[PDB]
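*Asks:* What follows is a structure written as structure tokens; I'll ask about it next.
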There are 2 protein chains.
Amino acid sequence: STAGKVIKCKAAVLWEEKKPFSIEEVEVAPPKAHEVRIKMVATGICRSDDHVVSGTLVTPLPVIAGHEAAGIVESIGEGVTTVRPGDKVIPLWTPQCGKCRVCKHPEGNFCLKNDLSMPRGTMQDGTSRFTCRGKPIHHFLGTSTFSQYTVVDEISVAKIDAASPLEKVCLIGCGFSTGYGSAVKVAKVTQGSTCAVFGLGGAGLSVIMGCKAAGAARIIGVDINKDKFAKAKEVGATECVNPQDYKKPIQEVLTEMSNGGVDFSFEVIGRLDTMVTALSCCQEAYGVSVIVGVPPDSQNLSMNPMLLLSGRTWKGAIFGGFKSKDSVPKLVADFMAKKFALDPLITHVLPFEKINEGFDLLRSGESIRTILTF
Amino acid sequence: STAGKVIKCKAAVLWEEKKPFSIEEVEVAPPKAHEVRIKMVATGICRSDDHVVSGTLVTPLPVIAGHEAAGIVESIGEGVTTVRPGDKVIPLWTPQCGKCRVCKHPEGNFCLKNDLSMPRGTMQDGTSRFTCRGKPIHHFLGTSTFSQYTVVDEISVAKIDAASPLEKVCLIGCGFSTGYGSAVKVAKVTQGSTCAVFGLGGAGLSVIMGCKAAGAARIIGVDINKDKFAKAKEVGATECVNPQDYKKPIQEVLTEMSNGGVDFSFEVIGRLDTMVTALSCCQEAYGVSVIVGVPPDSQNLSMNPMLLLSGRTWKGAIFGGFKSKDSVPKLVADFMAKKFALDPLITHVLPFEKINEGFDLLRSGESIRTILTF
Ligand SMILES: NC(=O)c1ccc[n+]([C@@H]2O[C@H](COP(=O)([O-])OP(=O)(O)OC[C@H]3O[C@@H](n4cnc5c(N)ncnc54)[C@H](O)[C@@H]3O)[C@@H](O)[C@H]2O)c1
Ligand SMILES: NC(=O)c1ccc[n+]([C@@H]2O[C@H](COP(=O)([O-])OP(=O)(O)OC[C@H]3O[C@@H](n4cnc5c(N)ncnc54)[C@H](O)[C@@H]3O)[C@@H](O)[C@H]2O)c1
Ligand SMILES: [Zn+2]
Ligand SMILES: [Zn+2]
Ligand SMILES: [Zn+2]
Ligand SMILES: [Zn+2]
């Protein structure tokens, strides 16, 4: 039995930025009260994990990254009431403590117990459960899924369907739910509308999936990598444009295509310039632009306030506006019910050990989602 | 009489930027097809009229500014069906052609026939109806109310209650409807919410009126001129704070005051810094910030997109989001039904002749609204 004892296993540790992960042994302390130790089954490679490697998303190093995954509860600590050993679960990188101001608000989902705004790289109690080479290692967004085992606080774990295919539903841990929720929940795309989606990767395809579900008459995919267009069309994009093909700025191009601006635009890249462009391309009087992309650490964008004064609405969101713990199981349920598909997002599958190759696949632009199996 | 003939009358002409208005005689051509010549009865001095003088709001000079007003139709042109001579009317600086995508949109109001985005300073047909000393003078937002008589396009005029007190209802032409709608229509202030209003002048006090009407439990007024606090509280503010009384940034103070950020914030000054501050002080996960102020010409603001990514909604709005020709008559009716008050905004009432004195009362910080009677 491992319940109550330290577990040695392998994890992909990031020691320095812009360096390959180090698959080596780590010691995982047993779960304290209201914490859960999960045996990871599958984890997806989201761009945000690479953001950590690149310094785009700053969080304390050395760290065990990963935040989009699914596994099986190994053991629970004292007082845990929502999961039991043997349960299939999805780690919530955006917690749902249910007690804070945001959690009790009918709309807000960015729990104040989150570790995304001011990254500490610890458990809710300010400590770590990871030791490598005798050195304490940092957690990432309280999940740290790039490990055969991880310990998370109770508020950062959701029990899902016992019959859920973990190699697929892991995407509901981030990529899918983010893009999908951004369209249907945050921007609230309407029937007959024209949408523009900047960035046709895992999250952007999910946004297209969200707009299609919402009944958008037009969904224009925007990406500088034309190789991304086929997949986009496949999931709902009615047309795709590459900014590099035009002699004029894309927001102008898009404004002409939509005869005056789109109803809903989405920034799913993570650049300051595309954020402004996405805003500029939605109709000046009633257009809505939603930021999904993670910006470079601490950098400020420059924009003219008249873009807003005319009537535009600009907002951003975390995890697609989904109250994590309530939503994740409902989303897995719907997937089981064939309400939406995850297959189109999965382009590569690799064993955990091949984690480094997976990030090269992302970086080459060859992939959308590579799922890592433990 | 005057009908179908050229009328000679007094108007306040701004020949150059940063100059007092020149009260002289001008010639008002008769209305053309679908135009209306209106005899002005009362016009409110709005801060935007001063923006023109200061160059903050660029529009072709020389010109007859003025947009917040009420008058009586003197004669209508061939094809006018909405108003008739003797009708009490209110000119609309944001028209409602009723045929463009925006007017047809359930939530759009910034009509595509507007002259604010790219000021021409002409009638819808590209020409002027004003002549002064043999020289053609520009129109302002298609209204030009600083004249005893003016000619506006039918789409820029609304018929109002015949028993309307024109010297009060003229505020419905701008300041009041703007602030009121911003709060109840655009921001959509919820019952029991905490609001923060930056700028306590005529538009700001109206934002407060709307917030209170919307049920806001807490309404914090913010202004660097403490003299503005008495009236703000009179109209609804629960507390007022002067930024310069604090050693630390006001968004900090407001965040501490609202225990994490306010629900709704409003920028009603016209500064890039207070626009970012306003957004920053509303709760990060579900706060809504509305820009009401007109920023200085051609300047960009700088902000960190994380403010939005966390969940904040940032909007802006022209004329309080009200479809002009539809709402103005409705608002007047409600005023007549004692649904809201206009007297709190009226601090000075001067003759048209004293136009410059009123601008001086505004500039000095002494007035909220000065109504000029012709
Ligand atoms: N808010 C959240 O909760 C949240 C969640 C998931 C992902 N994200 C962020 O969204 C972004 C994308 O995630 P992904 O996994 O879908 O990424 P990805 O790398 O798979 O996709 C980014 C895409 O944008 C394209 N692109 C790059 N520069 C472009 C440009 N200048 N113009 C047009 N297209 C351009 C790339 O070719 C690529 O197809 C990342 O920044 C990620 O951190 C945010
Ligand atoms: N969007 C629209 O349709 C619309 C309509 C009407 C007015 N406006 C704009 O709203 C703004 C305000 O108009 P108003 O008529 O109420 O004018 P106003 O000048 O009477 O009110 C401005 C107030 O803000 C205060 N202020 C200035 N700097 C400040 C600072 N740094 N911090 C805090 N407070 C400060 C002033 O003391 C004053 O009370 C202007 O830019 C005006 O052009 C926009
Ligand atoms: Zn992610
Ligand atoms: Zn919470
Ligand atoms: Zn119109
Ligand atoms: Zn005004």
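Ligands are numbered from 1 in the order shown, chains are lettered A, B, ... in the order of the structure tokens, and residues start at 1 in each chain.
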Output the neighbourhood of ligand 5 as a PyMOL selection string, that is, all protein and nucleic acid residues with some atom at most 9 Å from the ligand, counting only C-alpha atoms and all ligand atoms.

*Replies:* chain B and resi 95-104+108-114+155

*Asks:* Determine, counting only C-alpha atoms, which protein, DNA and RNA residues have an atom within 8 Å of an atom of residue 39 (chain B); residues of the same chain fewer than 4 positions away are not included. Present the result as number ranges by chain.

*Replies:* B: 71-74, 148-150

*Asks:* Could you list, as an MDAnalysis selection string, all the residues within 6 Å of ligand 3, counting only C-alpha atoms and all ligand atoms?

*Replies:* chainID A and resid 46 48 174:175

*Asks:* Would you tabulate, counting only C-alpha atoms and all ligand atoms, all residues of chain A that have an atom at most 6 Å from an atom of ligand 1, showing the closest pair of atoms and their distance in Å to one decimal, sorted by chain then ascending number, as CSV?

*Replies:*
residue,atom,partner,partner_atom_place_in_ligand_line,distance
A:46,CA,ligand 1,15 (O),4.7
A:47,CA,ligand 1,15 (O),4.2
A:48,CA,ligand 1,43 (O),3.8
A:174,CA,ligand 1,6 (C),5.9
A:175,CA,ligand 1,6 (C),5.2
A:178,CA,ligand 1,5 (C),5.3
A:198,CA,ligand 1,33 (C),5.7
A:199,CA,ligand 1,24 (O),3.5
A:200,CA,ligand 1,39 (O),4.5
A:201,CA,ligand 1,20 (O),3.5
A:202,CA,ligand 1,16 (O),3.9
A:203,CA,ligand 1,16 (O),3.6
A:204,CA,ligand 1,16 (O),5.1
A:222,CA,ligand 1,33 (C),5.6
A:223,CA,ligand 1,34 (N),3.4
A:224,CA,ligand 1,33 (C),4.5
A:225,CA,ligand 1,37 (O),4.7
A:268,CA,ligand 1,10 (O),4.6
A:269,CA,ligand 1,11 (C),4.3
A:270,CA,ligand 1,41 (O),4.0
A:292,CA,ligand 1,1 (N),4.3
A:293,CA,ligand 1,10 (O),3.7
A:294,CA,ligand 1,41 (O),4.1
A:317,CA,ligand 1,1 (N),5.4
A:318,CA,ligand 1,3 (O),3.6
A:319,CA,ligand 1,3 (O),3.8
A:368,CA,ligand 1,20 (O),5.2

*Asks:* Contacts between ligand 2 and chain A, please, where a residue of chain A counts if it comes within 10 Å (with only C-alpha atoms and all ligand atoms); show its shortest atom pair and distance in Å to one decimal, rows by chain and ascending number, as CSV.

*Replies:*
residue,atom,partner,partner_atom_place_in_ligand_line,distance
A:306,CA,ligand 2,1 (N),9.7
A:308,CA,ligand 2,1 (N),9.9
A:309,CA,ligand 2,1 (N),6.3
A:310,CA,ligand 2,1 (N),7.9
A:311,CA,ligand 2,1 (N),9.1

*Asks:* How would the residues just chosen look if you wrote them out with N, CA, C and O atoms as a tab-separated table (two decimals), in the first residue's frame?

*Replies:*
chain	number	residue	atom	x	y	z
A	306	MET	N	-11.25	55.28	-28.08
A	306	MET	CA	-12.42	55.51	-28.93
A	306	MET	C	-12.97	54.18	-29.45
A	306	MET	O	-14.15	54.08	-29.77
A	308	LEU	N	-13.55	51.72	-27.75
A	308	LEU	CA	-14.55	51.36	-26.75
A	308	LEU	C	-15.69	52.35	-26.70
A	308	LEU	O	-16.84	51.96	-26.64
A	309	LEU	N	-15.36	53.64	-26.71
A	309	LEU	CA	-16.35	54.71	-26.63
A	309	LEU	C	-17.48	54.55	-27.62
A	309	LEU	O	-18.64	54.79	-27.29
A	310	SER	N	-17.15	54.14	-28.84
A	310	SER	CA	-18.14	53.94	-29.89
A	310	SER	C	-19.20	52.90	-29.52
A	310	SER	O	-20.28	52.88	-30.11
A	311	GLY	N	-18.87	52.03	-28.56
A	311	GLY	CA	-19.81	51.01	-28.11
A	311	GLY	C	-19.29	49.60	-27.87
A	311	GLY	O	-19.98	48.79	-27.26

*Asks:* Could you check the closest approach to ligand 4 for each of B:337, B:362, B:69, B:285 and tell me which residue wins, using only C-alpha atoms and all ligand atoms?

*Replies:* B:285

*Asks:* Do a neighbour search on region 51-64 of chain B at 8 Å with only C-alpha atoms, toss out local chain neighbours closer than 2 positions, and write the hits as a compact mmCIF listing (two decimals) with N, CA, C and O atoms, in the first residue's frame.

*Replies:*
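What ended up in part-v9.txt:
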# COMPACT_ATOMS: atom_id res chain seq x y z
N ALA B 11 -25.79 83.93 -33.34
CA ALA B 11 -25.25 82.61 -33.09
C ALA B 11 -23.92 82.84 -32.41
O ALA B 11 -23.40 83.97 -32.43
N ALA B 12 -23.42 81.81 -31.75
CA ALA B 12 -22.14 81.87 -31.07
C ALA B 12 -21.19 81.10 -31.98
O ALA B 12 -21.27 79.87 -32.08
N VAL B 13 -20.35 81.83 -32.70
CA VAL B 13 -19.40 81.24 -33.63
C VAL B 13 -18.01 81.11 -33.02
O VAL B 13 -17.49 82.05 -32.44
N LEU B 14 -17.42 79.92 -33.13
CA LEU B 14 -16.07 79.73 -32.64
C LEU B 14 -15.24 79.79 -33.92
O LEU B 14 -15.39 78.94 -34.81
N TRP B 15 -14.43 80.84 -34.04
CA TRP B 15 -13.60 81.04 -35.22
C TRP B 15 -12.30 80.28 -35.14
O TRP B 15 -11.81 79.75 -36.14
N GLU B 16 -11.73 80.25 -33.95
CA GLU B 16 -10.47 79.57 -33.73
C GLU B 16 -10.59 78.77 -32.45
O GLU B 16 -11.47 79.00 -31.62
N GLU B 17 -9.65 77.86 -32.29
CA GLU B 17 -9.57 77.03 -31.12
C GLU B 17 -9.00 77.93 -30.02
O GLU B 17 -8.25 78.87 -30.31
N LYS B 18 -9.43 77.68 -28.79
CA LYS B 18 -8.96 78.43 -27.63
C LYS B 18 -9.34 79.91 -27.67
O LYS B 18 -8.59 80.76 -27.19
N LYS B 19 -10.50 80.20 -28.24
CA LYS B 19 -10.98 81.57 -28.32
C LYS B 19 -12.41 81.63 -27.75
O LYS B 19 -13.08 80.60 -27.63
N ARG B 47 -19.50 69.72 -21.30
CA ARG B 47 -18.05 69.75 -21.37
C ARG B 47 -17.49 69.45 -22.76
O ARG B 47 -16.40 69.90 -23.10
N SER B 48 -18.24 68.71 -23.57
CA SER B 48 -17.80 68.38 -24.93
C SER B 48 -17.72 69.61 -25.84
O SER B 48 -16.88 69.68 -26.74
N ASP B 49 -18.59 70.59 -25.59
CA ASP B 49 -18.59 71.82 -26.37
C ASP B 49 -17.30 72.56 -26.08
O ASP B 49 -16.73 73.19 -26.96
N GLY B 66 -22.49 73.27 -29.92
CA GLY B 66 -23.76 73.11 -29.24
C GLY B 66 -24.47 71.88 -29.75
O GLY B 66 -24.73 71.78 -30.94
N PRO B 119 -15.48 63.67 -38.02
CA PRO B 119 -16.16 64.96 -38.19
C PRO B 119 -15.95 65.68 -39.52
O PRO B 119 -14.83 65.95 -39.92
N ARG B 120 -17.06 65.96 -40.20
CA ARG B 120 -17.05 66.71 -41.45
C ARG B 120 -17.54 68.12 -41.12
O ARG B 120 -17.10 69.10 -41.73
N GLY B 121 -18.50 68.21 -40.19
CA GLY B 121 -19.07 69.48 -39.80
C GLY B 121 -20.00 70.00 -40.88
O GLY B 121 -20.02 71.19 -41.18
N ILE B 137 -19.89 78.46 -42.36
CA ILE B 137 -19.54 77.99 -41.02
C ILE B 137 -19.94 76.52 -40.88
O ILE B 137 -20.96 76.10 -41.43
N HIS B 138 -19.16 75.75 -40.14
CA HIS B 138 -19.44 74.32 -39.97
C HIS B 138 -20.51 74.03 -38.95
O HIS B 138 -20.72 74.80 -38.00
N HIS B 139 -21.13 72.86 -39.11
CA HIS B 139 -22.13 72.36 -38.19
C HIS B 139 -21.36 71.52 -37.17
O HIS B 139 -20.22 71.13 -37.43
N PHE B 140 -21.94 71.27 -36.01
CA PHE B 140 -21.29 70.44 -35.00
C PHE B 140 -22.22 69.29 -34.71
O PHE B 140 -23.37 69.50 -34.30
N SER B 144 -25.54 71.85 -33.97
CA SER B 144 -25.20 73.27 -33.89
C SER B 144 -26.27 74.11 -33.17
O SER B 144 -26.84 75.04 -33.75
N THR B 145 -26.50 73.81 -31.89
CA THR B 145 -27.52 74.50 -31.11
C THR B 145 -27.18 75.89 -30.56
O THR B 145 -28.06 76.56 -30.00
N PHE B 146 -25.94 76.34 -30.72
CA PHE B 146 -25.54 77.68 -30.25
C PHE B 146 -25.95 78.72 -31.31
O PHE B 146 -25.12 79.46 -31.85
N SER B 147 -27.24 78.77 -31.60
CA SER B 147 -27.79 79.68 -32.59
C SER B 147 -29.28 79.82 -32.28
O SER B 147 -29.88 78.92 -31.70
N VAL B 294 -14.90 61.57 -23.11
CA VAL B 294 -14.31 61.70 -24.43
C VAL B 294 -12.84 61.99 -24.19
O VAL B 294 -12.51 62.97 -23.53
N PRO B 295 -11.94 61.10 -24.67
CA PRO B 295 -10.51 61.31 -24.47
C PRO B 295 -9.91 62.40 -25.37
O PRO B 295 -10.54 62.83 -26.34
N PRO B 296 -8.72 62.91 -25.01
CA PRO B 296 -8.07 63.95 -25.81
C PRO B 296 -7.71 63.37 -27.17
O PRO B 296 -7.28 62.22 -27.28
N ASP B 297 -7.93 64.16 -28.21
CA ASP B 297 -7.69 63.71 -29.58
C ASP B 297 -6.40 62.94 -29.89
O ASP B 297 -5.30 63.34 -29.50
